[PDB]
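A.B. asks: 3D model of this:
(chains A, B, C and D)
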Amino acid sequence: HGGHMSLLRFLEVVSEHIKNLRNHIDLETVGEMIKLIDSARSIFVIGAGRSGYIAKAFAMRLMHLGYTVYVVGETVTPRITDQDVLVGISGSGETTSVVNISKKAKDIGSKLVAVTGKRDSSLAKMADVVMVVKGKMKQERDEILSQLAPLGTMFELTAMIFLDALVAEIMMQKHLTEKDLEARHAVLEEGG
Amino acid sequence: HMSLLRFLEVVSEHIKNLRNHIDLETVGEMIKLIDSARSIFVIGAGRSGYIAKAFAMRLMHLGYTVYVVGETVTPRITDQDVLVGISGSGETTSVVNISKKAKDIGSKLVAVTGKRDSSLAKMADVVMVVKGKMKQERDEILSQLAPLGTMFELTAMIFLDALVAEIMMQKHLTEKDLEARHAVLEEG
Amino acid sequence: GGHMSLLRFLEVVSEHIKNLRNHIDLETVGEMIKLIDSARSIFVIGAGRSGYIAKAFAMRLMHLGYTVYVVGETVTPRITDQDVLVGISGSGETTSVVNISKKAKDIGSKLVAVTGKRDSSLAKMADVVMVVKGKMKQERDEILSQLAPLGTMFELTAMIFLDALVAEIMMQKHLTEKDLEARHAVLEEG
Amino acid sequence: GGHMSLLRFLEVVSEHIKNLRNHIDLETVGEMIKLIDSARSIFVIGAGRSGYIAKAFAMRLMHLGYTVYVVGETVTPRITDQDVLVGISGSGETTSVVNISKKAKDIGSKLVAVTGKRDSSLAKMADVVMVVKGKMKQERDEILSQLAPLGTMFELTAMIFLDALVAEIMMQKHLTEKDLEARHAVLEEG
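C.D. replies: Numbers count the residues shown, from 1 in each chain, chains lettered A, B, ... in the order given. Below is the structure:
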């Protein structure tokens, strides 16, 4: 009750996972991901469920940075082509809709970045760049972690934080500031 | 990739700060309101709308009757319900307008916001303060690493998942209980 | 500005609505209603513009007092063998919709297909097939495709059919507009 | 077994589309087309079912080669005074749509109102008032609302009008179905 111990324990776990990401992120792979995003004609993003919401948050920021970007399945998304890149977000790398769409994109000839916790997954095996962002750590039991962070919550939070870190890095590389992003952000529903 | 790693360091500092300062009394009031509602409605604009949807989906997994404002199957809000509005500034126009209409109907309102005396907070029954930009943080370095609402958004997402962990404990739920409810058609 | 193509499109739509009314299988309509009315909940799905039609229909089913969800949306729960899935696809071959519908059938849900193609993958797996055509028998394809590209005519005809179905269910349930008003969302509309 | 309300609804819809074909203001249509073509980008919005219609139309404008966005969606950028907003609202009083349109007018964007009410709040703000009515002169409200509740007839008429407008723009631009096929999304359809 009043102490809300599970709330606090969850936050401790999040702290440990962000530290883990800091200490283990593959910087070479981050560079390869940035290179594909920069070299593509346009960027398409996809995830299912909560990973879809992360994909949308990332796509919105790429738009703020000045990229030509779309979310798969959304209204104004045009035909994907062999000059584009698809970024698929799936913790397991087995998410059926994301795997099926990514296979179709690969057959068209688009490149694929997989943001996933599983380097050996169906999605990762198809990918040009496999950006590994773990949910569960080596030393953790899944059953214990899932009591605080069910259904892949930890992967989703870590992937969100990673993608916002990637935005920070791209801003630095492109000498973009907050004011640059502000010029592109939507204002009709927020009022600035 | 120094800026990437510096961003992660800032997020680390911010989560430590959240851990130290979360108002546990207000958390209890928020949970009480969620539990007492007939239906729960959630709303946010832009990236905060994605946070709102992530939280609504988890509430559904936890067994609540829950909807996202503006979405297809969302029914008429009533004075038996609770609206949860997510807005970093507490001044987001669409969220303030919708929340005022909900209050006129008689719904209860939880504001998840960084500004305790914002328009949104002033209307709310429970003001759940979650801050993005911290007290005396160098606005210049933070804005460059974490532009627009980025820090508030990550902090709110982390807080709402922490709230889910708390509710699971209070209801004695395990992952399998949530797995029974989750949608499988797209995920597999 | 005579806008002759705009006016011609409207004339074509009227002919298609008359064609739908003249040829509709009223028995299949009854079977669709029976599945909707006996389901624990109704799930709907379509890709692209057919998805927008599915969402319009789902919203109206909610107004009629059904428990209803859109596949892939935020609060949609696990589908079960107590439910019915309504899939909308002009060709009946839309890959995402076929794949989702087959998964639903494997779980044991019932399936209604709203499609232009009675022998398509989606139609052949369905419990009830509502055949709503795009091109008519004596209609030149090249004309229709210029005025109504990419399945526009199937989509309009399917939307009109589904609103007609709502009118029917309202009558059967003795509902008026006021009953639906009690359930419709007001926060964005006022 | 006869589904009389279903069939009557279809008869009424076809009469409404004939009514549209004979009462539509072609001058206003031409003004709408001119704004769509002169705008840097087109933004569309509607609430609820009218939002689904807005998305269907935005998708088609994308197929035609326009730069187009749906208000509130992920990749939609800041609207400017060089853009046009198309707002769809049957009553013209839809609060969310009116509020968004007011902000767009403060920025200086042009506004097209697709509405049934020429003196509504939304219409009064608009550069072009594209009147598409749901109820006909001689119709009784209580009768139409039983078959077509909550603005159903406006919504169908507006959807059909916007598809007719697309047919007209294709003709004026010498576009064919194959041109639109080049641009349409394929991942979820196959």
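A.B. asks: assign a three-state SS to residue A:124, would you?
C.D. replies: Secondary structure assignment for residue A:124 (DSSP: H, G, I helix; E, B strand; the rest coil): helix.
A.B. asks: that one contacts residue A:113, correct?
C.D. replies: No - counting by C-beta atoms under 8 Å, residue A:124 sits too far from residue A:113 to count as a contact (10.2 Å). Any C-beta I mention is one placed from the backbone N, CA and C, and that applies to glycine too.
A.B. asks: overlap of the contact sets of these two?
C.D. replies: Shared contacts of residue A:124 and residue A:113 (C-beta atoms under 8 Å, 6 or more residues apart in numbering or on different chains): residue A:130.
A.B. asks: and these two? Which one has more around it.
C.D. replies: Shown here are residue A:124 and residue A:113; by other C-beta atoms under 10 Å in any protein chain shown, residue A:113 has more neighbours (25 against 22).
A.B. asks: that one should be in a helix, yeah?
C.D. replies: No - Residue A:113 is assigned strand when assessed by three-state DSSP, not a helix.
A.B. asks: check contacts around it.
C.D. replies: Residue A:113 makes contact with A:33, A:36, A:37, A:85, A:86, A:87, A:88, A:127, A:128, A:129, A:130, A:131, according to C-beta under 8 Å, 6+ apart.
A.B. asks: how many neighbours does the residue in chain A positioned nearest to chain C have?
C.D. replies: Here chain A gets closest to chain C at one residue, residue A:100, 6.4 Å apart by C-beta to the nearest C-beta. Neighbour count of residue A:100, defined by other C-beta under 10 Å: 18.
A.B. asks: can you give me the strands for chain A?
C.D. replies: For chain A, the strands defined by DSSP state E occupy A:43-47, A:69-71, A:85-89, A:111-116, A:129-132.
A.B. asks: name the single longest helix found in chain A.
C.D. replies: As assigned by DSSP state H, the longest helix anywhere in chain A is helix A:153-174.
A.B. asks: and stretch A:159-170, anywhere near chain D?
C.D. replies: No - judged by C-beta under 8 Å from any C-beta of the partner chain, stretch A:159-170 stays clear of chain D, getting no closer than 13.7 Å.
A.B. asks: which residues of chain A lie near chain C?
C.D. replies: So far as C-beta under 8 Å from any C-beta goes, chain A lies against chain C at A:48, A:73, A:96, A:97, A:100, A:101, A:104.
A.B. asks: so which of the residues you listed is surrounded by the most neighbours?
C.D. replies: Counting neighbours by other C-beta under 10 Å, the top entry in the residues of chain A next to chain C is residue A:97, with 25 neighbours.
A.B. asks: leaving out the residues flanking it, which one is nearest to that residue?
C.D. replies: Spatial nearest neighbour of residue A:97, excluding adjacent residues (C-beta to C-beta, 6 or more residues apart in numbering or on different chains): residue B:186 at 4.1 Å.
A.B. asks: if we can go back for a sec, which helices and strands sit right next to the longest helix of chain A?
C.D. replies: Counting contacts by 3 or more C-beta pairs under 8 Å, 6 or more residues apart in numbering or on different chains; DSSP states H and E, helix A:153-174 is packed against helix A:5-24, helix A:27-39, helix A:49-64, strand A:111-116, helix B:2-21, helix B:139-145, helix B:150-171.
A.B. asks: quick one: the longest one to helix A:153-174, angle?
C.D. replies: With axes from the mean of the first three to the mean of the last three C-alpha atoms, to 10 degrees as the basis, helix B:150-171 and helix A:153-174 are set at 180 degrees to each other.
A.B. asks: before we move on, what about the shortest one?
C.D. replies: Orientation of strand A:111-116 against helix A:153-174 (the same axes, to 10 degrees) gives an angle of 130 degrees.
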